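A short write-up of the structure that comes next.
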Amino acid sequence: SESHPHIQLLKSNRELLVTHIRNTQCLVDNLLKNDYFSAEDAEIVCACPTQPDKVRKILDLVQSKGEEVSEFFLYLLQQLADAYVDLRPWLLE
Amino acid sequence: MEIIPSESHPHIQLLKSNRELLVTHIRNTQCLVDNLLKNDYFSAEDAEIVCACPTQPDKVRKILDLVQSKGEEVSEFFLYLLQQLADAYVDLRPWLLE
């Protein structure tokens with residue numbers, strides 16, 4: 001009840017995500033569009049120099065926003081990872 | 001009848017040859033439009049025209065129509081974008097699938 005499974009998954013996988021996420025633009029934009037991130041959230045993410053710093057900050061914000069947003073963020077990574085996957089063979093050539 | 005080389009554009013041709021492949025296999029047009037906007041290849045107007053298209057396939061057809069009409073540089077950038085987007089979360093796939 002004070003435990004939240006999709007928050008716990010993001011905490012347990014912080015380094016996995018930080019080190020394997022290559023684009024944060026798609027993520028911030030979709031969080032903004034779905035009213036989960038505010039203009040100020042996205043500015044806080046900009047003020048981050050490096051790409052890993054940005055993932056760290058996105059995860060900290062997502063987590064502090066609670067279970068619904070943490071669940072949405074993971075659903076978002078699933079969708080974005082699936083969006084162009086069937087194309088990859090052709091893209092690779 | 002003469003085929004003038006400077007009037008043929010290989011990245012436009014790649015898109016045209018792959019219309020139905022792209023339409024049937026691209027499942028999110030949102031990250032594409034947003035990147036085309038951010039990079040000023042798409043205008044606010046372009047994104048609104050695509051936004052008005054009901055289905056994913058309808059939006060893909062519109063995006064490809066617009067990209068192709070904008071020419072070789074935009075078409076080349078669009079293919080580069082699909083490559084980057086196809087790679088951005090590929091490493092996470094095993095864990096995401098589970």
Side-chain angles (χ1 to χ4, degrees), chain A residues 17 20-37 42 45 51 54-55 58 69 71-93, chain B residues 7-97:
Chain A
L17 294 165
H20 297 279
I21 295 184
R22 299 192 230 164
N23 173 331
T24 54
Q25 190 73 83
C26 300
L27 286 182
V28 173
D29 288 343
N30 207 248
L31 291 164
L32 284 168
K33 170 186 195 61
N34 292 109
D35 294 336
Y36 289 132
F37 261 26
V45 171
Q51 185 88 313
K54 283 191 189 149
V55 182
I58 286 162
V69 178
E71 195 276 338
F72 175 83
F73 184 76
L74 290 163
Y75 166 80
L76 180 59
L77 289 171
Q78 294 174 74
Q79 296 297 105
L80 288 178
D82 219 68
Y84 315 102
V85 74
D86 294 359
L87 284 188
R88 208 171 181 265
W90 180 85
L91 295 165
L92 286 166
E93 298 185 332
Chain B
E7 292 188 344
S8 288
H9 301 297
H11 303 272
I12 312 187
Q13 293 167 313
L14 281 167
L15 295 180
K16 301 177 63 91
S17 296
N18 291 96
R19 181 47 67 109
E20 298 303 332
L21 174 97
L22 294 167
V23 165
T24 64
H25 282 111
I26 289 183
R27 289 204 270 288
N28 168 315
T29 52
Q30 193 76 77
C31 214
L32 290 184
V33 173
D34 289 349
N35 226 276
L36 292 165
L37 294 171
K38 187 190 195 58
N39 281 79
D40 310 291
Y41 289 128
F42 266 30
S43 65
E45 174 168 12
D46 294 326
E48 303 179 8
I49 287 157
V50 176
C51 202
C53 297
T55 56
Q56 278 320 104
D58 277 356
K59 293 155 182 169
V60 175
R61 282 192 210 100
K62 187 53 85 182
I63 288 161
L64 294 168
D65 282 350
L66 291 168
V67 169
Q68 291 171 205
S69 73
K70 292 171 182 281
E72 165 69 12
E73 178 183 351
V74 182
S75 290
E76 190 279 332
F77 171 84
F78 182 82
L79 286 167
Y80 171 76
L81 183 55
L82 288 179
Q83 288 173 267
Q84 295 297 108
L85 299 176
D87 259 14
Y89 317 97
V90 72
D91 290 347
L92 287 178
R93 278 274 292 188
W95 182 83
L96 297 170
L97 294 168

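Numbers restart at 1 for each chain; the letters A, B, ... are given by sequence-line order, proteins then strands.
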Fill in the blank from the handout: Residue set satisfying salt bridge (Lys or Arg N to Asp or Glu O under 4.0 Å) with B:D58, at least two apart, ordered chain then number -> B:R61
Within a strict 4.5 Å, meaning less than it, do heavy atoms of the [X] and [Y] side chains meet?
X     : Y     : result
A:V85 : B:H25 : no
A:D29 : B:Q30 : no
A:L80 : B:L85 : no
B:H11 : B:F78 : no

From [X] atom [atom1] to [Y] atom [atom2], the distance as rounded to the nearest 0.5 Å:
X     : Y     : atom1 : atom2 : value
A:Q79 : B:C31 : CD    : SG    : 13.0 Å
A:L17 : A:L77 : CG    : CG    : 6.5 Å
B:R27 : A:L87 : CZ    : CG    : 8.5 Å

[X] to [Y] - nearest heavy-atom pair and separation:
X     : Y     : result
A:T24 : A:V55 : CG2-CG2, 3.6 Å
B:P57 : B:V23 : CB-CG1, 3.8 Å
B:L15 : B:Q68 : CB-OE1, 3.8 Å
B:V50 : B:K59 : O-CG, 3.3 Å

Exercise for the section: Count the heavy atoms of every other residue, nucleotide or ligand shown that sit under 6.0 Å from CD of B:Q13, and state whether that count exceeds 12. Expected result: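 Buried by this count: over 12 neighbours within 6.0 Å.
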Exercise for the section: Give the C-alpha distance, both sets of side-chain angles, the deciding distance and a yes or no for side-chain contact (heavy atoms from CB on, under 4.5 Å) between B:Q56 and B:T24. Expected result: CA-CA 9 Å; B:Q56 278 320 104; B:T24 64; over 6 Å; no
Exercise for the section: Please determine, by modelled atom types, if B:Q83 and B:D87 share a side-chain donor-acceptor pair under 3.5 angstrom. Expected result: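 Short answer, no.
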Practice task
Evaluate the criterion side-chain contact (heavy atoms from CB on, under 4.5 Å) for residue pair B:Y41 and B:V67; output intermediate values, then yes/no.
Solution key: CA-CA 8 Å; B:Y41 289 128; B:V67 169; over 6 Å; no
Practice task
Measure from the side-chain N and O atoms of A:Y84 to the backbone N and O of B:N28, and report whether any donor-acceptor pair falls under 3.5 Å.
Solution key: yes
Problem - Heavy-atom donor-acceptor pair, B:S69 side chain to B:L66 backbone, under 3.5 Å - result: yes
Practice task
Please assess B:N35 against B:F42 for the test side-chain contact (heavy atoms from CB on, under 4.5 Å), listing each intermediate value before the final yes or no.
Solution key: CA-CA 8 Å; B:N35 226 276; B:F42 266 30; over 6 Å; no
Practice task
Dump the intermediate steps for side-chain contact (heavy atoms from CB on, under 4.5 Å) on A:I58 and A:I21, then the final yes or no.
Solution key: CA-CA 11 Å; A:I58 286 162; A:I21 295 184; over 6 Å; no
Handout entry: Residue pairs involving residues 41-52 of chain B (criterion salt bridge (charged side-chain N to carboxylate O under 4.0 Å, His left out); sequence neighbours excluded)
Key =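 Counting only pairs at least two positions apart or across chains, the salt bridge (charged side-chain N to carboxylate O under 4.0 Å, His left out) contacts touching residues 41-52 of chain B are B:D46-B:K70.
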